[PDB]
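Below is one structure, written out as structure tokens; comments come after it.
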Amino acid sequence: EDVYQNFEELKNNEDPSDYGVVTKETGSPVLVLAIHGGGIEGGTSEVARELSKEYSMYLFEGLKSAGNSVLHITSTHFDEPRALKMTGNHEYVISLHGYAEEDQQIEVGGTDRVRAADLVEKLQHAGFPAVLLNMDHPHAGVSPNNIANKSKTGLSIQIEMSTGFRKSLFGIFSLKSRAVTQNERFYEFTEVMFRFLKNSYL
Ligand SMILES: [Zn+2]
């Protein structure tokens with residue numbers, strides 16, 4: 001269960017200084033979407049901001065000192081107006097998430113089955129611990145109600161990163177310091193992502 005059913009409810013219950021909506025609109029066909037940034041799914045803000053160097057980005061960040069879990073709105077309920085605008089303005093979506101697991105793991109899903117499999121192959125070749133989830137896996141990112149699918153094509157890739165994998169990318173795993181302690185593994189991972197995105201979406 002989430003605390004809030006939709007963005008209007010979150011907005012009416014939370015101090016606006018406790019969350020942030022951040023956009024970068026470049027006209028790239030691909031949108032990088034991180035609806036659980038900041039302290040909600042730690043590290044997804046930093047991956048999103050690095051990929052925004054080449055791609056359009058939507059970021060919703062939890063900025064509380066503690067209790068950011070209350071700001072998590074599941075993808076099939078996430079309706080913040082700037083997210084609805086940006087998703088509909090893009091051809092394709094890559095959606096970044098974190099899940100609780102100490103082992104290093106990346107679970108890839110989404111509606112874009114050909115590109116999701118290609119991304120898993122490219123990550124595995126590069127020595128990253130990715131697996132492909134198929135259509136009947138719970139939370140496979142395939143609902144028409146999922147914000148990531150509300151694009152011009154409906155084709156998305158969902159990237160779920162374990163706690164262990166996200167912590168491996170930063171010297172200090174905090175809201176304050178992830179953004180200024182990105183390590184060699186962070187840039188190695190984001191470069192595999194840049195190579196995949198440029199090759200896969202010509
Ligand atoms: Zn998430």
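Here, A, B, ... name the chains of the structure tokens in the order displayed, residue numbers run from 1 inside each chain, and ligands are numbered from 1 in the same displayed order.
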
Near residue 76 in chain A, counting only C-alpha atoms, which residues have an atom at most 8 Å away, once you skip same-chain residues fewer than 6 positions from it, shown as a list in words?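 Here the qualifying residues turn out to be residues 143, 144, 145, 146 and 147 of chain A.
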
Take the selection from the previous step and output its residues with N, CA and C atoms, as a PDB file, in the first residue's frame.
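Result went into out22.pdb, see below:
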```pdb
ATOM      1  N   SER A 143       1.336  -2.582 -17.625  1.00  0.00           N
ATOM      2  CA  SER A 143      -0.049  -2.070 -17.568  1.00  0.00           C
ATOM      3  C   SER A 143      -0.192  -0.826 -18.433  1.00  0.00           C
ATOM      4  N   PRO A 144      -1.299  -0.646 -19.180  1.00  0.00           N
ATOM      5  CA  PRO A 144      -1.554   0.631 -19.835  1.00  0.00           C
ATOM      6  C   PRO A 144      -1.656   1.793 -18.844  1.00  0.00           C
ATOM      7  N   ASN A 145      -1.950   1.497 -17.585  1.00  0.00           N
ATOM      8  CA  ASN A 145      -2.044   2.540 -16.538  1.00  0.00           C
ATOM      9  C   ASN A 145      -0.664   2.958 -16.028  1.00  0.00           C
ATOM     10  N   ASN A 146       0.369   2.176 -16.301  1.00  0.00           N
ATOM     11  CA  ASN A 146       1.740   2.518 -15.860  1.00  0.00           C
ATOM     12  C   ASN A 146       2.190   3.797 -16.560  1.00  0.00           C
ATOM     13  N   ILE A 147       2.590   4.798 -15.789  1.00  0.00           N
ATOM     14  CA  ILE A 147       3.050   6.083 -16.365  1.00  0.00           C
ATOM     15  C   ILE A 147       4.082   5.853 -17.470  1.00  0.00           C
TER      16      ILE A 147
END
```

Please return as number ranges by chain the residues found within 9 Å of ligand 1, counting only C-alpha atoms and all ligand atoms. A: 34-37, 40-41, 44, 72-75, 95-99, 160

Got time to write the residues from that selection, C-alpha atoms, as an mmCIF file, in the first residue's frame?
```cif
data_model
loop_
_atom_site.group_PDB
_atom_site.id
_atom_site.type_symbol
_atom_site.label_atom_id
_atom_site.label_comp_id
_atom_site.auth_asym_id
_atom_site.auth_seq_id
_atom_site.Cartn_x
_atom_site.Cartn_y
_atom_site.Cartn_z
ATOM 1 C CA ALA A 34 12.564 8.324 -12.446
ATOM 2 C CA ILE A 35 9.323 8.756 -10.445
ATOM 3 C CA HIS A 36 10.878 7.444 -7.176
ATOM 4 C CA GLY A 37 13.984 9.608 -6.938
ATOM 5 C CA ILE A 40 12.430 7.117 -2.208
ATOM 6 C CA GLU A 41 14.657 4.754 -4.299
ATOM 7 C CA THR A 44 17.716 6.704 -9.185
ATOM 8 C CA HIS A 72 6.161 6.615 -3.259
ATOM 9 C CA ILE A 73 3.204 6.531 -5.706
ATOM 10 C CA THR A 74 3.212 3.254 -7.654
ATOM 11 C CA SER A 75 3.664 3.634 -11.439
ATOM 12 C CA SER A 95 11.886 3.942 -16.254
ATOM 13 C CA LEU A 96 14.411 3.701 -13.330
ATOM 14 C CA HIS A 97 13.489 2.055 -10.023
ATOM 15 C CA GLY A 98 15.088 0.563 -6.952
ATOM 16 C CA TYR A 99 14.032 -2.499 -4.936
ATOM 17 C CA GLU A 160 14.796 -2.233 -11.370
#
```

Q.
Quick check, in Å to one decimal: how far apart do CA of residue 130 in chain A and CA of residue 105 in chain A lie?
A.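 Result for CA of residue 130 in chain A versus CA of residue 105 in chain A: 6.0 Å, one decimal.
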
One residue among A:200, A:158, A:182, A:149 is nearest to residue 133 in chain A when using only C-alpha atoms, and that residue is A:158

Query raised in the report: If you measure from CA of residue 30 in chain A to CA of residue 193 in chain A, what distance in Å do you get, rounded to one decimal?
Result: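 Atom-to-atom, CA of residue 30 in chain A to CA of residue 193 in chain A, that is 12.4 Å.
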